[PDB]
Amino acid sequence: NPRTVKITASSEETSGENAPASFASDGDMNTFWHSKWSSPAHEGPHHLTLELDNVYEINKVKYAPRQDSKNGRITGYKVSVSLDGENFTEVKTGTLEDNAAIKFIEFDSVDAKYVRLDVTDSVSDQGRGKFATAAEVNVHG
């Protein structure tokens, strides 16, 4: 029910491959957002912010890792909510297992128009923290 109308990111890759932030919001597990890795690489801090079409009561973020590589797989996160897009309130901080499984970050119900996923840690095939990727990210109530 919470519907993402817009997604913005710290950075995105569109030169070395086509991996824009919108690819984290397109319902397709075969497309991923990637932080900019082509020179000059953006090495963080990485984040993804979802703008919803209304204020929703939310209690879960789904984070589906890219399925073809561990590059940018998020292992450390903060989730924050906002009504205006500038003033955020942290609702959850934690770690995520280093595997390709869809992750479900759960917290007490809270109103949000914007949901920001800040990366505090990530892994790579090779590395830590340099990249961030997501096949899909969305929010649920």
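The first residue of the sequence shown is number 1, and the count goes up from there.
Counting the deposited residues that fall between residue 126 and residue 127 and carry no coordinates gives a value of 1 to 3. The PDB entry assigns its highest CA temperature factor, among 82, 54, 75, 35, to 54. Highest C-alpha temperature factor among 133, 25, 120, 10, as the PDB entry reports it: 25.
Among the modelled residues of its chain, residue 60 has a C-alpha B-factor that falls in the highest third, as given in the PDB entry. Sorting the modelled residues of the chain by their CA temperature factor places residue 92 in the highest third. In this PDB entry, the Cα temperature factor of residue 50 sits in the middle third of its chain's modelled residues. Among all modelled residues in this chain, the alpha-carbon of residue 115 has a temperature factor (C-alpha) in the lowest third.
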